[PDB]
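Quick look at final38.csv (CSV, C-alpha atoms and all ligand atoms):
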```csv
chain,number,residue,atom,x,y,z
A,3,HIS,CA,23.6,-27.7,21.9
A,4,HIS,CA,20.2,-29.4,22.3
A,5,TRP,CA,16.6,-29.1,21.3
A,6,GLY,CA,14.5,-26.1,22.1
A,7,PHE,CA,12.2,-23.6,20.4
A,8,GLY,CA,14.8,-21.3,18.7
A,9,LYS,CA,15.4,-21.0,15.0
A,10,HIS,CA,18.2,-23.5,14.9
A,11,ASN,CA,16.9,-26.1,17.4
A,12,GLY,CA,13.1,-25.7,17.0
A,13,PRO,CA,10.4,-28.4,16.4
A,14,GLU,CA,11.4,-28.6,12.7
A,15,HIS,CA,14.7,-30.0,13.8
A,16,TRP,CA,13.7,-32.4,16.5
A,17,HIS,CA,13.5,-35.4,14.1
A,18,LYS,CA,17.3,-35.5,13.8
A,19,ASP,CA,17.7,-36.5,17.4
A,20,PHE,CA,14.3,-38.0,18.0
A,21,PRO,CA,13.2,-40.0,14.8
A,22,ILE,CA,9.8,-40.8,16.4
A,23,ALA,CA,9.0,-37.1,15.7
A,24,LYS,CA,7.8,-38.3,12.3
A,25,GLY,CA,5.8,-41.1,13.9
A,26,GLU,CA,2.3,-42.4,13.3
A,27,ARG,CA,0.7,-41.0,16.5
A,28,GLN,CA,2.3,-37.7,17.1
A,29,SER,CA,0.7,-34.7,18.9
A,30,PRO,CA,-0.6,-32.1,18.9
A,31,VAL,CA,-3.2,-32.2,16.1
A,32,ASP,CA,-5.9,-29.9,14.7
A,33,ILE,CA,-9.3,-31.0,16.0
A,34,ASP,CA,-11.8,-30.8,13.1
A,35,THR,CA,-15.1,-30.5,15.0
A,36,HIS,CA,-17.1,-31.7,12.0
A,37,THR,CA,-15.0,-34.9,11.4
A,38,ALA,CA,-14.9,-35.8,15.1
A,39,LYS,CA,-17.2,-38.7,15.9
A,40,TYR,CA,-19.6,-38.7,18.8
A,41,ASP,CA,-19.1,-41.9,20.8
A,42,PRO,CA,-22.1,-42.8,23.0
A,43,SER,CA,-19.8,-45.4,24.6
A,44,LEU,CA,-17.6,-42.8,26.3
A,45,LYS,CA,-18.3,-42.4,30.0
A,46,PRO,CA,-18.0,-39.1,31.8
A,47,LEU,CA,-14.6,-38.1,33.1
A,48,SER,CA,-13.9,-38.7,36.8
A,49,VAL,CA,-11.6,-36.1,38.3
A,50,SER,CA,-10.7,-36.7,42.0
A,51,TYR,CA,-8.4,-33.9,43.0
A,52,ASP,CA,-9.7,-33.4,46.6
A,53,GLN,CA,-6.5,-34.9,48.2
A,54,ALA,CA,-4.0,-33.4,45.7
A,55,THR,CA,-0.6,-32.6,47.3
A,56,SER,CA,1.5,-30.1,45.3
A,57,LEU,CA,5.1,-30.0,46.2
A,58,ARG,CA,7.2,-27.7,44.1
A,59,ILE,CA,7.3,-25.5,41.0
A,60,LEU,CA,10.3,-25.5,38.7
A,61,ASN,CA,11.6,-23.9,35.5
A,62,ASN,CA,13.0,-26.8,33.4
A,63,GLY,CA,14.2,-24.7,30.5
A,64,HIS,CA,11.2,-25.1,28.3
A,65,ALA,CA,8.3,-24.5,30.6
A,66,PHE,CA,7.5,-24.5,34.3
A,67,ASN,CA,6.1,-27.6,36.1
A,68,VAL,CA,4.0,-27.7,39.2
A,69,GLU,CA,4.8,-31.1,40.7
A,70,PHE,CA,2.6,-33.3,42.9
A,71,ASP,CA,3.2,-36.1,45.3
A,72,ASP,CA,2.3,-39.3,43.3
A,73,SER,CA,3.4,-41.9,45.8
A,74,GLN,CA,-0.3,-42.7,46.5
A,75,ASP,CA,-3.7,-42.3,44.8
A,76,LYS,CA,-4.2,-38.7,46.1
A,77,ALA,CA,-5.1,-37.0,42.8
A,78,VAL,CA,-6.4,-39.3,40.1
A,79,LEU,CA,-8.2,-39.3,36.8
A,80,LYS,CA,-10.5,-42.2,35.9
A,81,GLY,CA,-13.4,-42.9,33.5
A,82,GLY,CA,-13.7,-41.3,30.0
A,83,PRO,CA,-11.9,-43.5,27.5
A,84,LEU,CA,-9.5,-44.6,30.2
A,85,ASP,CA,-9.2,-48.1,31.7
A,86,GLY,CA,-7.8,-48.0,35.2
A,87,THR,CA,-6.5,-45.3,37.5
A,88,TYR,CA,-4.1,-42.5,36.4
A,89,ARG,CA,-2.2,-40.4,39.0
A,90,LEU,CA,-1.4,-36.7,38.5
A,91,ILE,CA,2.3,-36.1,38.5
A,92,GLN,CA,2.7,-32.5,37.2
A,93,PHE,CA,1.0,-29.8,35.1
A,94,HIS,CA,2.5,-27.1,32.9
A,95,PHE,CA,1.5,-24.7,30.2
A,96,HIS,CA,2.5,-23.7,26.6
A,97,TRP,CA,2.0,-20.1,25.6
A,98,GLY,CA,2.8,-17.6,22.9
A,99,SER,CA,4.5,-14.3,22.4
A,100,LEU,CA,1.1,-12.8,21.3
A,101,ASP,CA,-2.5,-13.6,22.4
A,102,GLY,CA,-3.2,-15.0,19.0
A,103,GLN,CA,-1.0,-18.1,19.4
A,104,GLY,CA,0.3,-20.4,22.2
A,105,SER,CA,-1.9,-23.5,22.3
A,106,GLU,CA,-0.6,-26.8,20.8
A,107,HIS,CA,-3.9,-28.3,19.8
A,108,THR,CA,-6.2,-26.2,17.6
A,109,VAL,CA,-9.9,-26.4,17.1
A,110,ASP,CA,-10.9,-25.9,13.5
A,111,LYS,CA,-7.5,-24.3,13.0
A,112,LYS,CA,-8.3,-21.8,15.8
A,113,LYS,CA,-5.3,-21.2,18.1
A,114,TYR,CA,-5.7,-20.2,21.8
A,115,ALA,CA,-3.4,-18.0,23.9
A,116,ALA,CA,-2.1,-21.0,25.9
A,117,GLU,CA,-2.8,-24.6,26.7
A,118,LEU,CA,-2.7,-26.3,30.1
A,119,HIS,CA,-1.5,-29.9,30.4
A,120,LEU,CA,-2.3,-32.0,33.4
A,121,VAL,CA,-0.1,-35.1,33.1
A,122,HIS,CA,-1.2,-38.4,34.7
A,123,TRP,CA,0.4,-41.9,34.6
A,124,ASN,CA,-1.2,-45.4,34.7
A,125,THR,CA,-0.7,-46.9,38.1
A,127,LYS,CA,-0.6,-50.4,36.7
A,128,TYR,CA,2.9,-49.7,35.4
A,129,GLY,CA,4.2,-48.7,38.8
A,130,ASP,CA,6.0,-45.5,38.1
A,131,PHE,CA,6.2,-42.7,35.5
A,132,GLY,CA,9.4,-44.0,33.9
A,133,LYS,CA,7.8,-47.3,33.1
A,134,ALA,CA,4.5,-45.8,32.0
A,135,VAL,CA,6.0,-43.7,29.2
A,136,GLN,CA,7.1,-46.9,27.6
A,137,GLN,CA,3.6,-48.2,27.2
A,138,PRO,CA,0.9,-47.2,24.6
A,139,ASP,CA,-1.6,-46.6,27.4
A,140,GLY,CA,0.9,-45.3,29.9
A,141,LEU,CA,-0.1,-41.6,30.1
A,142,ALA,CA,-3.3,-39.6,30.2
A,143,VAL,CA,-3.0,-35.9,29.5
A,144,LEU,CA,-5.9,-33.5,30.2
A,145,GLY,CA,-5.6,-30.5,27.9
A,146,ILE,CA,-7.4,-27.2,28.7
A,147,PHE,CA,-7.4,-24.1,26.5
A,148,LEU,CA,-6.9,-20.6,27.8
A,149,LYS,CA,-8.4,-17.5,26.2
A,150,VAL,CA,-7.6,-13.9,27.2
A,151,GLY,CA,-10.5,-12.2,28.9
A,152,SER,CA,-11.5,-12.2,32.6
A,153,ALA,CA,-8.8,-13.1,35.2
A,154,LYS,CA,-8.8,-16.6,36.7
A,155,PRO,CA,-8.5,-16.3,40.5
A,156,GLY,CA,-7.3,-19.9,41.0
A,157,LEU,CA,-4.3,-19.2,38.7
A,158,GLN,CA,-3.0,-16.1,40.5
A,159,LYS,CA,-1.1,-18.2,43.1
A,160,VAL,CA,1.0,-19.7,40.3
A,161,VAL,CA,1.5,-16.3,38.6
A,162,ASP,CA,2.8,-14.7,41.7
A,163,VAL,CA,5.7,-17.2,42.3
A,164,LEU,CA,7.1,-17.1,38.7
A,165,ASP,CA,9.5,-14.3,39.7
A,166,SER,CA,11.3,-16.8,42.0
A,167,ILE,CA,11.9,-19.3,39.2
A,168,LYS,CA,12.7,-16.9,36.4
A,169,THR,CA,15.6,-19.0,35.0
A,170,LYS,CA,16.3,-22.6,34.0
A,171,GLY,CA,17.0,-24.9,36.9
A,172,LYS,CA,15.3,-22.7,39.6
A,173,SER,CA,12.7,-24.3,41.8
A,174,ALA,CA,10.6,-23.2,44.7
A,175,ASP,CA,8.4,-24.8,47.3
A,176,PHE,CA,4.8,-24.7,46.1
A,177,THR,CA,2.5,-26.4,48.6
A,178,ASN,CA,-1.2,-26.5,49.1
A,179,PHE,CA,-2.1,-25.6,45.6
A,180,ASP,CA,-5.6,-26.8,44.5
A,181,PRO,CA,-5.6,-27.7,40.8
A,182,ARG,CA,-9.5,-27.8,40.9
A,183,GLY,CA,-9.4,-24.0,40.5
A,184,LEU,CA,-8.1,-24.5,36.9
A,185,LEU,CA,-10.9,-26.6,35.6
A,186,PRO,CA,-13.8,-25.3,33.4
A,187,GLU,CA,-17.4,-25.8,34.3
A,188,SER,CA,-18.1,-28.5,31.7
A,189,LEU,CA,-16.0,-31.6,31.3
A,190,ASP,CA,-17.1,-32.4,27.7
A,191,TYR,CA,-14.1,-33.6,25.7
A,192,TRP,CA,-12.5,-34.9,22.6
A,193,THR,CA,-10.0,-37.8,22.8
A,194,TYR,CA,-7.5,-39.4,20.6
A,195,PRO,CA,-4.3,-41.5,20.9
A,196,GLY,CA,-1.2,-39.3,20.7
A,197,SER,CA,2.3,-38.6,22.0
A,198,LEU,CA,4.2,-36.3,24.4
A,199,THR,CA,4.7,-33.0,22.6
A,200,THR,CA,8.3,-32.5,23.5
A,201,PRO,CA,11.4,-34.8,23.3
A,202,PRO,CA,11.4,-37.6,23.6
A,203,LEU,CA,8.0,-37.4,21.9
A,204,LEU,CA,7.0,-40.9,23.1
A,205,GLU,CA,3.7,-42.2,21.7
A,206,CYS,CA,2.3,-43.3,25.1
A,207,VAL,CA,-0.4,-40.7,25.6
A,208,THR,CA,-4.2,-40.8,25.6
A,209,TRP,CA,-5.2,-37.2,25.0
A,210,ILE,CA,-8.3,-35.8,26.6
A,211,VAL,CA,-8.9,-32.2,25.4
A,212,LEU,CA,-11.7,-30.2,27.1
A,213,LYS,CA,-14.1,-28.4,24.8
A,214,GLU,CA,-14.6,-25.4,27.2
A,215,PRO,CA,-11.8,-22.9,27.5
A,216,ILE,CA,-10.9,-21.1,30.8
A,217,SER,CA,-10.4,-17.4,30.8
A,218,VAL,CA,-7.3,-15.6,32.1
A,219,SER,CA,-6.4,-11.9,32.0
A,220,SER,CA,-3.9,-10.3,29.8
A,221,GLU,CA,-1.9,-9.4,32.9
A,222,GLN,CA,-1.7,-13.0,34.0
A,223,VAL,CA,-0.5,-14.3,30.6
A,224,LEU,CA,2.0,-11.4,30.4
A,225,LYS,CA,3.8,-12.7,33.5
A,226,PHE,CA,4.2,-16.1,31.8
A,227,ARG,CA,6.1,-14.2,29.1
A,228,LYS,CA,8.7,-12.8,31.5
A,229,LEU,CA,10.2,-16.2,32.2
A,230,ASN,CA,13.6,-17.2,30.7
A,231,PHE,CA,14.7,-20.3,28.7
A,232,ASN,CA,18.2,-19.6,29.8
A,233,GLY,CA,19.9,-20.3,33.1
A,234,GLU,CA,21.0,-17.5,35.4
A,235,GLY,CA,24.1,-15.5,34.3
A,236,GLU,CA,23.4,-16.3,30.7
A,237,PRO,CA,22.1,-14.1,27.9
A,238,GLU,CA,18.4,-13.5,28.4
A,239,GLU,CA,16.0,-15.2,26.1
A,240,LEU,CA,12.3,-14.9,26.9
A,241,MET,CA,10.4,-18.1,27.4
A,242,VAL,CA,7.6,-17.6,24.7
A,243,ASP,CA,6.2,-19.7,21.9
A,244,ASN,CA,7.1,-23.0,23.6
A,245,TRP,CA,4.5,-24.9,21.6
A,246,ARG,CA,4.8,-27.5,18.9
A,247,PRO,CA,2.8,-27.1,15.6
A,248,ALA,CA,0.0,-29.4,14.7
A,249,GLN,CA,1.1,-32.8,13.3
A,250,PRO,CA,-0.6,-35.1,10.7
A,251,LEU,CA,-3.5,-37.0,12.1
A,252,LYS,CA,-2.7,-40.0,9.9
A,253,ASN,CA,-4.7,-43.1,10.6
A,254,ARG,CA,-6.5,-41.8,13.7
A,255,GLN,CA,-10.0,-40.9,14.7
A,256,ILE,CA,-10.9,-38.1,17.1
A,257,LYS,CA,-13.9,-39.0,19.3
A,258,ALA,CA,-16.2,-36.6,21.1
A,259,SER,CA,-18.0,-37.2,24.4
A,260,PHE,CA,-20.8,-34.8,23.2
A,261,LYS,CA,-22.8,-34.1,20.1
B,301,ZN,ZN,2.6,-30.0,27.5
```

Let's see the structure in the file written out as structure tokens.
Amino acid sequence: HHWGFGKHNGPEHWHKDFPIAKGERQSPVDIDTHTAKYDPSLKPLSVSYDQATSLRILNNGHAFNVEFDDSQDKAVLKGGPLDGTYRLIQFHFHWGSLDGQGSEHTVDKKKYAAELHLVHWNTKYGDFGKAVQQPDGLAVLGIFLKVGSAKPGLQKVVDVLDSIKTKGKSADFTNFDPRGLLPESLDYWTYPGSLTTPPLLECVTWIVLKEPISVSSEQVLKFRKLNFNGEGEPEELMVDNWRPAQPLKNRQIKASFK
């Protein structure tokens, strides 16, 4: 028995094993576009993914991660509200059972079909494990997905999902370019938050892009064929692996645009 997204172990339960779930800077949150403040001081984001080296793609029981080599500054994020260099370690998605839900963050209460998270850690702290223990340890780039036209750059990921259907399964996944998942504009909101699954550590600077990226219904449908369970166990479909919006509390959401 452990945390998950079921009826008896879902987000509403998590606080029993992870008290920080009721913390002061939990994520996700609803972004109220009229209360967000434009900050002229925010510099443009600097995304350098030209040397990214993907290694593998694995089904960890609550989502699937596409892991990168983070032993050097190959794929990094700089600028924006960040101070220093953040290395990309993995990206994953959260999606729903229906096109009307799936994203973790919402915009004026609007939910998207899914949300892509590109996780980076602050190199000053030496490794990922140390970085999550710091208030400025992680930077997570969030991108919304809406259902419409297919996204060519995502098909490579969609095609290998069959090989990692169940929990614990992994597959080699080299030469994948994450630049094919980025929207045209890099305008963003940003706020201090946490990691949206256990252990919900409040070490994250969140950078949520304003412009969604479109994926086809067929592509999202393949996400919904994955399993939370391990092979040989009763099938439960991996859907609705998103945490509901949390109280903003004493936080301000800033926008890089007006
Ligand atoms: Zn996530």

Go through the chains and note each residue within 9 Å of ligand ZN 301 (chain B), using only C-alpha atoms and all ligand atoms, then give the set as number ranges by chain.
A: 65, 93-96, 106, 117-121, 143, 145, 198-200, 245

Contact residues around residue 194 in chain A with all atoms listed in the file at 12 Å, ignoring same-chain residues under 2 positions, as number ranges by chain
A: 27-33, 38-39, 41, 82-84, 107, 139, 142-145, 191-192, 196-197, 205-211, 251-259

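Going from CA of residue 225 in chain A over to CA of residue 108 in chain A, you cover 23.1 Å.
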
Return the single residue from A:166, A:156, A:177, A:226 that is closest to residue 241 in chain A, with distances computed using all atoms listed in the file.
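Using all atoms listed in the file, residue 241 in chain A sits closest to A:226.
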
One residue among A:61, A:48, A:74, A:217 is nearest to residue 155 in chain A when using only C-alpha atoms, and that residue is A:217

Contact residues around residue 88 in chain A with all atoms listed in the file at 8 Å, ignoring same-chain residues under 4 positions, as a list in words:
residues 78, 79, 80, 122, 123, 124, 125, 141 and 142 of chain A

Could you check how far CA of residue 89 in chain A sits from CA of residue 203 in chain A, in Å to one decimal?
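About the pair CA of residue 89 in chain A and CA of residue 203 in chain A: they are 20.1 Å apart.
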
Quick one: of A:184, A:173, A:100, A:22, who's nearest to residue 233 in chain A, counting only C-alpha atoms?
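Going through A:184, A:173, A:100, A:22 one by one, the smallest distance to residue 233 in chain A is for A:173.
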
Could I see range 177-199 of chain A restored to N, CA and C atoms, set down as a compact mmCIF listing (two decimals), keeping the file's coordinate frame?
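See rebuild.txt below for the written result:
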```txt
# COMPACT_ATOMS: atom_id res chain seq x y z
N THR A 177 3.44 -25.55 47.97
CA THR A 177 2.50 -26.40 48.60
C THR A 177 1.10 -25.89 48.73
N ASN A 178 0.17 -26.80 48.96
CA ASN A 178 -1.20 -26.50 49.10
C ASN A 178 -1.91 -25.80 47.95
N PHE A 179 -1.51 -26.14 46.73
CA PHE A 179 -2.10 -25.60 45.60
C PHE A 179 -3.23 -26.53 45.10
N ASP A 180 -4.44 -26.02 44.92
CA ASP A 180 -5.60 -26.80 44.50
C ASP A 180 -5.78 -26.74 42.98
N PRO A 181 -5.46 -27.81 42.24
CA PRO A 181 -5.60 -27.70 40.80
C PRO A 181 -7.11 -27.66 40.33
N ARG A 182 -8.05 -27.87 41.24
CA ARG A 182 -9.50 -27.80 40.90
C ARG A 182 -9.87 -26.40 40.46
N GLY A 183 -9.06 -25.41 40.84
CA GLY A 183 -9.40 -24.00 40.50
C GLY A 183 -9.00 -23.70 39.05
N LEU A 184 -8.47 -24.67 38.31
CA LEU A 184 -8.10 -24.50 36.90
C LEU A 184 -9.00 -25.14 35.93
N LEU A 185 -10.00 -25.85 36.43
CA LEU A 185 -10.90 -26.60 35.60
C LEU A 185 -12.14 -25.76 35.13
N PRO A 186 -12.60 -25.99 33.88
CA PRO A 186 -13.80 -25.30 33.40
C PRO A 186 -15.02 -25.88 33.99
N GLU A 187 -16.17 -25.26 33.75
CA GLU A 187 -17.40 -25.80 34.30
C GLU A 187 -17.81 -27.12 33.72
N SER A 188 -17.74 -27.24 32.40
CA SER A 188 -18.10 -28.50 31.70
C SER A 188 -16.87 -29.36 31.48
N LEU A 189 -17.09 -30.67 31.50
CA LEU A 189 -16.00 -31.60 31.30
C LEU A 189 -16.17 -32.37 29.93
N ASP A 190 -16.97 -31.82 29.02
CA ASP A 190 -17.10 -32.40 27.70
C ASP A 190 -15.76 -32.42 27.06
N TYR A 191 -15.44 -33.45 26.29
CA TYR A 191 -14.10 -33.60 25.70
C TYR A 191 -14.02 -34.30 24.38
N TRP A 192 -12.90 -34.08 23.70
CA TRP A 192 -12.50 -34.90 22.60
C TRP A 192 -11.38 -35.81 23.10
N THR A 193 -11.14 -36.92 22.43
CA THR A 193 -10.00 -37.80 22.80
C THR A 193 -9.47 -38.49 21.63
N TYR A 194 -8.16 -38.72 21.65
CA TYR A 194 -7.50 -39.40 20.60
C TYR A 194 -6.15 -39.93 21.10
N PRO A 195 -5.58 -40.98 20.47
CA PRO A 195 -4.30 -41.50 20.90
C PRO A 195 -3.17 -40.65 20.33
N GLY A 196 -2.26 -40.21 21.19
CA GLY A 196 -1.20 -39.30 20.70
C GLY A 196 0.15 -39.56 21.40
N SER A 197 0.93 -38.49 21.49
CA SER A 197 2.30 -38.60 22.00
C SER A 197 2.56 -37.39 22.97
N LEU A 198 3.73 -37.42 23.60
CA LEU A 198 4.20 -36.30 24.40
C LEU A 198 4.87 -35.24 23.45
N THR A 199 4.53 -33.97 23.65
CA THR A 199 4.70 -33.00 22.60
C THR A 199 6.04 -32.29 22.68
```
